[PDB]
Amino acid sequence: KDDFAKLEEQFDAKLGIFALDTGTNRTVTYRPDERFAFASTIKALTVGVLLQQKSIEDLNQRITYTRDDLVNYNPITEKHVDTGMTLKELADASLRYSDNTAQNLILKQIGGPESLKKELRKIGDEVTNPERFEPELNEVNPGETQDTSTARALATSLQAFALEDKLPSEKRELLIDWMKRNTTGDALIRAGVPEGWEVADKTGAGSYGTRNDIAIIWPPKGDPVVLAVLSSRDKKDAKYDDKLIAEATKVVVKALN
């Protein structure tokens, strides 16, 4: 725990860590129950719920939308206004590019932030508190619980969908495969794990320099480790440093070693 404290000093940030080795039940925790804006990490759990509700052929359904529907960060969706996108294509864009419009379109499909909350409550997550769409959800002020969760809750809900029986295996594999092919976390959890370790992650960035990564990680042999690494800073306009998360992950790996 002192190693984490020193990272908090080095990077002038608050750190939230929960890691579980599913083979041994050993954990690594640090402010595990402290709330942080979840930011785009919520995209992973939103797709988990979508997969609970949609069949695979349901995902071939084309969703149409307009220039008006576009928000601030639409790397994929802004390129397909004219033709629309399938739910499967939207899930891809949301998870692997962190496309905000894609998240919003998927979120509508599942009944909005309240339905997402109800669904998370049903799987035993009493902490995660979705209220808004992207990008407004990313802006959480100190003391607020709206659009927040904790390291422990995020890791546990991700584990529920990716590793447990909340999804049947083919849908688990689908979620895992998208997250394995995430494009946005090269400097985060992925930069903190030894060679030959496999990573399936979703990143997030929000106000107060919030910088998150949640993941399932697989050692060369043995069971997966579930990990959430969350962070925030004291100023609203603060910039984050990805190295904080990479270094935190290294501590986690060492501790489980």
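In case it trips you up, residue 1 is the first one in the sequence shown, and so on.
Mean CA temperature factor is higher for 193-201 when stretches 32-40 and 193-201 are set side by side in the entry. Once the C-alpha B-factors are averaged per stretch, 217-225 and 41-49 rank with 217-225 first. Highest CA B-factor among the listed residues (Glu78, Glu131, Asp99, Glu89): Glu78.
Among the modelled residues of its chain, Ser94 has a C-alpha B-factor that falls in the lowest third, as given in the PDB entry. The entry lists a Cα temperature factor for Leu107 that places it in the middle third of the chain's modelled residues. Among the modelled residues of the chain, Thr83 sits in the highest third by CA temperature factor in this PDB entry. Sorting the modelled residues of the chain by their CA temperature factor places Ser231 in the lowest third.
Per the PDB record, residue ranking by Cα B-factor puts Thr66 in the highest third of the chain.
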